[PDB]
C-alpha cells in the first residue's frame, strides 16, 4: 500500500519496527555508545565519531558527551556548532541546525509526537515533523523543542522554555509555552547582561 518510511515523510502516523528501521537505530545507538564512553583525552576519536554518527556536520563542531538520539543520521548540522552535556535529539525524521548555533546543557529536540487519543496510539503509533533551527541561535538550558517547530535566525530561547510554535528571527522568546517576549534591538548591542555595557574599541 504505502511503506512505513513514506508515511514518515508525508507526516502520517506510523510505527518503526520494520524496513530496517530497527537496524538503523542499532548502528546509530552503537556509534553513540562509543562516543558517550570515550575518554576525555580521546579527542581525535571523538572528532571522527561525530563526523560518522550525524548525517552532516560542518567545521569546528564540538559536542560534549553524553549525547542521545534515535538514529543520528537524520540530524544535519552547520559550522561552529556547540552543544553541552546531555543533548537529546529524537530524530525519527529530519532535524536541521544552522550555522553558529549554541545549545546549553540538557536541551531536548523531538520531531516525534504521539496521537493524543489513546485510540490512534494503541500500537505506539507516532508522527514526525522536522525541526529547523536557524543560524546564530542560542538555546537556553532545559529547553524542549517540539515537532515541526522552526526557530528563526539570530533568535534566543530562554532556559526552561517549552517551544510548541515557530519562533520568529531576531527575538528573545521564552516561557511555558514559549512566547516572544521582545525583539533584539540595538540596545542589546551595548548591554550584554542586566546592567553591563560594553565599550566599543
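Numbering follows the first chain given and starts at 1.
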53-61 versus 167-175 - greater average Cα B-factor per the deposited record: 53-61
Ranked by mean Cα B-factor in the entry, 158-166 and 33-41, top stretch is 33-41
Highest CA temperature factor in the entry: which of 131, 77, 120, 83? 120
Out of 113, 124, 98, 72, highest CA B-factor residue: 124
Would you please rank residue 143 by its C-alpha temperature factor against the other modelled residues of its chain and give the third it falls in: lowest, middle or highest? lowest
Residue 26 by Cα B-factor - lowest, middle or highest third of the modelled chain: highest
